[PDB]
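# pasting the first bit of my complex, frame unchanged:
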Amino acid sequence: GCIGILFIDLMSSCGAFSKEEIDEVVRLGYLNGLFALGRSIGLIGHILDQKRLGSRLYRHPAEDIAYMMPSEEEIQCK
Amino acid sequence: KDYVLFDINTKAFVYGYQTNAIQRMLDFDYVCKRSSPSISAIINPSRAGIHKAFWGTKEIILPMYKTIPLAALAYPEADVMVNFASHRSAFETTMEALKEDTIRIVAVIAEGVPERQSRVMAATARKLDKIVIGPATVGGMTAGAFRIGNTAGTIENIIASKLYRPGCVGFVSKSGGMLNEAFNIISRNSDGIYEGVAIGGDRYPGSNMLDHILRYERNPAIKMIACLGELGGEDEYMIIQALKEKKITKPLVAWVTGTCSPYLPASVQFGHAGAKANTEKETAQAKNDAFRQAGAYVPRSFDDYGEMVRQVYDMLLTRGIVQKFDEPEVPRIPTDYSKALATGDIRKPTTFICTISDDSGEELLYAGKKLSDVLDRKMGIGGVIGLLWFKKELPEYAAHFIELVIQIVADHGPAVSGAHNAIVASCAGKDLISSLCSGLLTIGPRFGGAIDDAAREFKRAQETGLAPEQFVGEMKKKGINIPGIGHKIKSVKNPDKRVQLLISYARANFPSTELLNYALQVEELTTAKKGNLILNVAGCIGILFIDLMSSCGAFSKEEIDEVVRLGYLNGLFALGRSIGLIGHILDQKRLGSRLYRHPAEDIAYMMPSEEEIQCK
């Protein structure tokens, strides 16, 4: 929220964008690109960290999942 | 029976998403050996859905409804509503529940409810033969049968005070916290409470103490009545008048708090909204004296309340009015993991290790360094990558070489595989993230992702002592392309200025460029055969990064070997080229581009014959 709001203030006040240009930027969705680009640094870092650690295959623990199957009656009708 | 408020068959709705209160009720139902939970549904005005909670150690699902009428229609057996609405909505929600034919009791927890609203709720309850416990109360409970929300706290307290089995004492107070203290006092000085109710401390309650005391008088299971009142209002005078009119025949223990008031200024308003003696009659002294004169068992102070309970109970026990019963088996319940972990009782191993960042403290850390210090020191994007990928605070020229690479590989036009796929996904109306990943997934051995292999193969050739001609010759014999060599459009005739820009930076700032010098000798040989076999941008980055790591002093030979083996360097191209991919995606959205379909005239459709698909 802080990045999106401040970027609108930046575009509105820097003199480089017209009201139409700002409206186009908002409508088309540019700003999520900043988070994808920035966060790719940490994602690549986490990937490399697990390779250096020699980490094993993960399987989510069964004790963290409530398996709640429907009854035979439930799958036969509505 | 009209005198029974709750029993072991009582079903209730909990208005408000109060997960702790919901769990407390279920835990009591479980230790009381109930067959099914005392809660039929949760009323959550913000969301309809499901709520998962425990039944001992087993998880169960409770339905969640948005409104009171929808829940009542689904569960008509539920006649109690535990109302956790704020003081801003307590009146309208209680009045809505009271208008439902199937709801009989409403417990109002909220503090700060107007006196007029409480007067209207009390009158509405009396007119419809319903019960309002509160406002400003925890509720109450029938020992061994039902509890209102948080009444009687922890299961440990329920067990210590033997609240999982009924006794012979009918208890009523104004105070919620004192109702729990009283449960402890009474359990230690008698066979415990049968039922206990806190009417709240507001001067106009939904139900007065006498309403509950009259029910205890009719109940044959109750042989003893006990109550704890306070100064302000005239509620206790209803009890004293009933005691004088012989409407209460069972022995009644009574104490009115607020004896401090005459010693302090007249203007002092106490905790509860109704705890302020406006007249002499409203004082604790006038109330305790009128109680004494009416025949009640009144102690000298609150200190001897349990002793008065012990005296009245012992009297009933000797006279045969109350019978001694065998203590039932002590119930058990598993402790919540979070409690056992907090008290240090248990330990649990972590599944993952993280060495590059920590978000769990007061400030985000990148390889142990506070984000504030990273920014104050102007480490920049290259310095952030040094910390997160290499766990090093790199020399400035090494962080600037990383930033130079990102700018140099940011984009190389729309025609390359990654930009082309991202443009096709953007023309198909895809969002930015899907379109970006569509293009990033083309990064591999032929496009972009040759950096790791160029670093690997040139380092091996130069280290194992191969002459550039022997390396070129060996790779040709194995039928393996030299990674970092060759280009689709750049060549001897069309030189790649990006490679020149990376080479000038390394010559001006790296203490040594031995692997670059070797790579340039390999390039002289490859370009002599075919002009397009230049040292490309991927080969240039991989080779220069090896020279950077070898000469900056920050990496040992082992660290460099680990970087090469694990494949770090293709990350630089993925990161840099994401700038141009996002740009191409946005360009197609601004252009209003239509869906692309590859032209048929660019595809040779060559189907196999029927004979070919029938055999081999």
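Happy to help now that I have it. Residues are numbered from 1 along each chain as shown, chains lettered A, B, ... in the order given.

# hey, let's count contacts and neighbours off CA atoms from now on
OK.

# does residue A:63 count as helix, strand or coil?
helix (DSSP: H, G, I helix; E, B strand; the rest coil).

# residues touching it, list them.
With Cα atoms under 8 Å, 6 or more residues apart in numbering or on different chains as the criterion, no residue contacts residue A:63.

# show me the contacts for the residue in chain A that chain B sits nearest to.
With Cα to the nearest Cα as the measure, residue A:45 is the residue of chain A nearest to chain B, at 4.7 Å. By Cα under 8 Å, 6+ apart, the residues touching residue A:45 are B:356, B:388-389.

# Give me the residue at the spatial middle of chain A.
residue A:36 (7.5 Å; Cα atoms, centre = their mean).

# Please identify which helix or strand holds that residue.
helix A:32-53 (DSSP states H and E).

# With residue A:69 instead?
Using DSSP H and E, no helix or strand contains residue A:69.

# Identify the residues contacting the residue nearest to the centre of chain A.
Neighbours of residue A:36 in contact, by Cα under 8 Å, 6+ apart: residue B:433.

# please redo it, this time with the cut-off set to 10 Å
For residue A:36, the contact set (Cα atoms under 10 Å, 6 or more residues apart in numbering or on different chains) comprises A:43, B:432-433, B:436, B:575, B:578-579, B:582.

# same deal with residue A:38?
B:381, B:575.

# what's the answer for residue A:61, then?
residue B:351.

# So what does it look like in phi/psi?
Main-chain torsions, residue A:61, degrees, to the nearest 10: phi -60, psi 140.

# sorry, back to before: mind listing what's buried in the helix holding residue A:36?
A:33, A:36-37, A:40-42, A:44-46, A:48-49 (16 or more other Cα atoms under 10 Å in any protein chain shown).

# How about stretch A:9-16?
Those would be residue A:11, for stretch A:9-16 by 16+ other Cα under 10 Å.

# what residues does that stretch touch?
Against stretch A:9-16 from outside (Cα under 10 Å, 6+ apart): A:3-4, A:6-7, A:17-19, A:21-22, A:25.

# Contact residues of chain A facing chain B?
A:24-25, A:28-34, A:36-53, A:55-56, A:58, A:61, A:66, A:68 (Cα under 10 Å from any Cα of the partner chain).

# repeat that for 6 Å
residue A:45 (Cα under 6 Å from any Cα of the partner chain).

# got the angle for the helix or strand residue A:8 falls within vs helix A:32-53?
Per DSSP H and E, residue A:8 falls inside helix A:2-13. Orientation check (axes from the mean of the first three to the mean of the last three Cα atoms, to 10 degrees): helix A:2-13 against helix A:32-53 gives 140 degrees.

# let's bring in chain C now:
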Amino acid sequence: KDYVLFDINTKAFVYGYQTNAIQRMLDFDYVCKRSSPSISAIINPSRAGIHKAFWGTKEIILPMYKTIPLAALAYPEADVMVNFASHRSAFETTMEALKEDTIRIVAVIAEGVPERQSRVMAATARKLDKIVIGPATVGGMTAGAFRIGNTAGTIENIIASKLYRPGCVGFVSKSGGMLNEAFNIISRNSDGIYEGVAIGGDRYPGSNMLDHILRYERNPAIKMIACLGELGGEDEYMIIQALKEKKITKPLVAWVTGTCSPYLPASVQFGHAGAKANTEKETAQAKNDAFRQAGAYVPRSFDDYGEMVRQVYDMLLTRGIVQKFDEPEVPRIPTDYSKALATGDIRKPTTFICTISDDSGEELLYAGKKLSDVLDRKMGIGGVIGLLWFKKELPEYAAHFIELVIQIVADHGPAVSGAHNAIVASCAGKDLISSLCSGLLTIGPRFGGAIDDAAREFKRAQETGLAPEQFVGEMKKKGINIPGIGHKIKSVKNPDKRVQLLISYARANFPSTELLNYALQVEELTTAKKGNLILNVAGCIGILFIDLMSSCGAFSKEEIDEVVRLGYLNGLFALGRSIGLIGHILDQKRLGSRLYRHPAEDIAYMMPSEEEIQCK
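Now chain C, sitting on the chains shown earlier:
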């Protein structure tokens, strides 16, 4: 001191990745108040790296080395090796450790080690002034200082037997399990053991009982010696001879098990490899008699062993030889979560719910139905999708319509967005999964992913009572394309036979096609304007699926509304079209296709001017 085997400064290597034994050692070090762990490194022949374990409630890292020389060179302070190698490698690993100048003690756990190998290990140990405890032993321990692997079991047993503080008893046995029982017996009948060692039950041990008994005789902290032997071999005769030669002056409690042997056949070989009396001298009777005659304190049977310990200790206590000491504070350690969970002490809520499959039992379940029953009933791929996506056992014609859709949308040539992107990634040398996802990420509103919106918009128009002309008119006014209408190559002039095939199946098998009839009326109007505005394959699937759900009897109005709102139907196109995407990827790999780069002549490069980039 030569008599001390282990102390509080002893550092050790654990040969073999025995995580439980590693944790047991660390837990003992923690309860004994050691400053640092007793383990310097783990020797894991399969892998070098790190091992995470607990130090109380805190997690620590232990280094892991592939070989004994590499670990010894890294941690020269470690002089003990706890060897968990199998009987197949116990000799060579113990001999390798004995050849290391810095290793002094090796504990061999393995059972089944040849007698010749043990003879060579014992002689090698004696020649180099080193100690071999084992083979076929748990090890031993110095109370309050160090434990060999699993010696003395659980921390609960360590606390109950007061093994966190030394006593005055020097103990030695053959049996590992009896060494732990003896720790309990001795703690209850004296101030406990100072040190205890189990030499193993093999007839040629690495160290004999006398080796340890002689160390106890020199140690001033030990005032009492106790030992438990057994029939077979002549080990105990070394003790009796030392007792006769006045080499053991401290009082010695001794018992030799195997008194049963003369009552049973001579051929009976007992548990331990060395437990078989070949001669009369080797029997328990001959050993216990020779012990009695040598001056040792020998009980009547094993039953009175603790009583003999109590008698000898009490004698030392009265005579002043042993001094009474104050019991140190009882140490504490957190319980492992898994133990508290198994015993039912704690409960922990699940984060996720799964309602569609269960892999945690004896057999995989798809919506509660065993995979075996799914296959025996020939439910097919359509029936599997009915279970996993809809949680229904669908009628056969509904499961066959799902399979018909998958076949019909499997491929539509290489030119479409998804197939085109998957081909470009495959030409770039990408693996199958990356290339597949590159193409699947183009599935959205214009290509493939129009199914959900077609179902949504046509259902709304038909339900809200809009006439086909009003729906066409309303969408045009909003500037919104009708989803499921329009095509790049199919039209009135080039009809889509896939749409015809789906329509014929629904007419022949669905009880009703009301939404299809409405959609076909919309198509008459759109095609009247432009021939390419046909009801496309995505619109046809979405609309027919609504008719299928509405008419098959298996879905309520609410269930259908939920399916439409959440977007299930685009999954059918993703699943079906993955067949053709994988096919196109494989086709390019078989063709040996080169890297694609979009031709420059198909791109209009239109850069902004310098003036345009400087202002707005």
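
# Go back to the buried residues of stretch A:9-16, now with chain C?
residue A:11.

# now swap in stretch A:62-78 and tell me
Buried-residue list, stretch A:62-78, by 16+ other Cα under 10 Å: A:66-70, A:75.

# Would you mind listing what in chain A touches chain C?
A:16-18, A:64-69, A:75-78.

# Please identify which pair of those residues lies farthest apart.
Largest separation among these by Cα to Cα: A:16 and A:76, giving 63.6 Å.

# sorry, back to before: only alpha carbons, please: show the helix holding residue A:36 as PDB.
This file holds the C-alpha atoms of helix A:32-53, laid out as PDB (Å, rounded to 0.1, in the frame of the first residue of the first chain):
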ATOM      1  CA  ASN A  32       3.200  -4.900  -9.100                       C
ATOM      2  CA  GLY A  33       6.200  -5.300 -11.500                       C
ATOM      3  CA  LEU A  34       8.400  -3.500  -8.900                       C
ATOM      4  CA  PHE A  35       7.600  -6.100  -6.200                       C
ATOM      5  CA  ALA A  36       8.100  -9.000  -8.700                       C
ATOM      6  CA  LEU A  37      11.500  -7.500  -9.700                       C
ATOM      7  CA  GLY A  38      12.700  -6.600  -6.200                       C
ATOM      8  CA  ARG A  39      11.400  -9.900  -4.500                       C
ATOM      9  CA  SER A  40      13.200 -12.000  -7.200                       C
ATOM     10  CA  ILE A  41      16.500 -11.000  -5.500                       C
ATOM     11  CA  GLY A  42      15.400 -12.700  -2.200                       C
ATOM     12  CA  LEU A  43      13.700 -15.700  -4.100                       C
ATOM     13  CA  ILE A  44      17.000 -16.500  -5.900                       C
ATOM     14  CA  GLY A  45      18.800 -16.100  -2.600                       C
ATOM     15  CA  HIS A  46      16.500 -18.600  -0.800                       C
ATOM     16  CA  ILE A  47      16.800 -21.100  -3.700                       C
ATOM     17  CA  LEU A  48      20.700 -20.800  -3.500                       C
ATOM     18  CA  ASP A  49      20.600 -21.100   0.300                       C
ATOM     19  CA  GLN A  50      18.800 -24.400   0.200                       C
ATOM     20  CA  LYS A  51      21.300 -25.700  -2.500                       C
ATOM     21  CA  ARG A  52      24.300 -24.700  -0.200                       C
ATOM     22  CA  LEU A  53      22.500 -26.300   2.800                       C
END
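
# ok, residues contacting stretch A:67-74?
C:354-355, C:367-368 (Cα atoms under 6 Å, 6 or more residues apart in numbering or on different chains).

# correction: stretch A:53-60
Residues contacting stretch A:53-60 (Cα under 6 Å, 6+ apart): none.
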